[PDB]
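Okay, here's what each chain looks like letter by letter:
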Amino acid sequence: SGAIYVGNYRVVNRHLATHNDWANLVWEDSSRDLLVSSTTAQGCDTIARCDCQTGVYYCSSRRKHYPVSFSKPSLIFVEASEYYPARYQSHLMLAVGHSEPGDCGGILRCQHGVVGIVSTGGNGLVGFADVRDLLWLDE
Ligand SMILES: NC(=O)[C@H]1CCCN(C(=O)[C@@H](Sc2ccccc2)c2ccccc2)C1
Ligand SMILES: [Zn+2]
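Residues numbered from 1 in each chain as written, not as in the entry; some residues may be left out. Chains lettered and ligands numbered in written order. Heavy atoms only, no water.

By the method listed in its record, X-ray crystallography, this PDB entry was determined to a resolution of 1.290 Å.

Pasting the structure below:
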């Protein structure tokens, strides 16, 4: 679990969005596993606007942060799960690192701010949904 809180927006994994997220929907994209909802309170986070390919992520299943080298956002095949059919997930960045069910929503940060959130895992890999291209989150 986990979310990004920026301005009057909450960014969560689309497959973990709540009834309240859907009632206050701003934007969602099944191919990216992202959903953004509106909030009444001002958020605690800053979004990176950069091309970093190194950063640190929080892994809830280890209660630890880990440094990672990750690929640029791209279209990657993801196996069918209870949440989605087998499909290509877009804007996804992969890295070598631990990730298991429950780690979705952990934040990946670089020196410039929030880069994205955990969205996929298994086999000693961790995949992050990028948010750096969503410039409207800043306004
Ligand atoms: N479509 C998606 O964005 C995800 C929805 C939930 C299921 N997805 C996963 O990747 C799963 S279990 C997995 C393990 C090995 C190979 C494939 C999947 C998982 C594991 C670790 C962290 C987060 C999620 C895909
Ligand atoms: Zn950066």
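Structure's up, so let's keep going.
A. Structural detail: the sheet that holds strand β2 (residues 9–13). Taking strand neighbours across the sheet as the criterion, the four strands line up as β1-β2-β4-β3 in an open arrangement whose pairing is antiparallel. With one partner strand each, in any of the chains shown, β1 (4–6) and β3 (25–29) form the two edges of the open sheet. Taking the axes of each pair of neighbouring strands and ignoring which way they run, one obtains an average angle of 15° across the sheet. (Pairing = 2+ DSSP bridges. Helix = DSSP H or I, 4+ residues; strand = E, 2+ residues; numbered from the N terminus. Axes fitted to C-alpha atoms, helices over the stretch in contact; angles between N-to-C directions.)

B. Structural context of the sheet that holds strand β10 (residues 113–122). An order of β6-β5-β9-β10-β11-β8-β7 is seen for the seven strands of this open sheet, with the pairing classed as antiparallel. Both outer strands of the open sheet, β6 (64–69) and β7 (74–78), are each paired with one neighbouring strand and no more. The average undirected angle you get between the axes of adjacent strands in this sheet is 50°.

C. Broad picture of the site of ligand 1. As a structural note, the neighbourhood of ligand 1 is formed by 16 residues, with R87, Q89, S99, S119 and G121 the closest of them. With respect to ligand 1, the side chain of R87 contributes an N or O atom lying 3.1 Å from a nitrogen atom. Contact between ligand 1 and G121: an oxygen atom at 3.2 Å from a main-chain N or O atom of the residue. When isolated, ligand 1 has an accessible area of 540 Å², and the protein chains bury 79% of it. Ranked by the residues each element gives to the shell around ligand 1, the list is headed by β10, at four residues. For the shell around ligand 1, the per-class residue count stands at five nonpolar, eight polar and three charged. (Near = heavy atom within 4 Å. Polar contact = N/O pair within 3.5 Å; in protein donor to acceptor, adjacent residues only side chain to side chain. Areas by Shrake-Rupley, 256 points an atom, 1.4 Å probe, with all protein chains shown as cover. Nonpolar A, V, L, I, M, F, W, Y, C, P; charged D, E, K, R; others polar.)

D. Molecular detail of the pairing of strand β8 (residues 87–96). For β7 and β8, the ladder comprises four bridges, and the chain directions are antiparallel. Paired with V78 across the strands is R87, a residue of β8. Pairing of β8 with strand β11 (residues 125–130) involves five bridges; the strand directions are antiparallel. Residue pairing across strands places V96 opposite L125, the latter belonging to β11.

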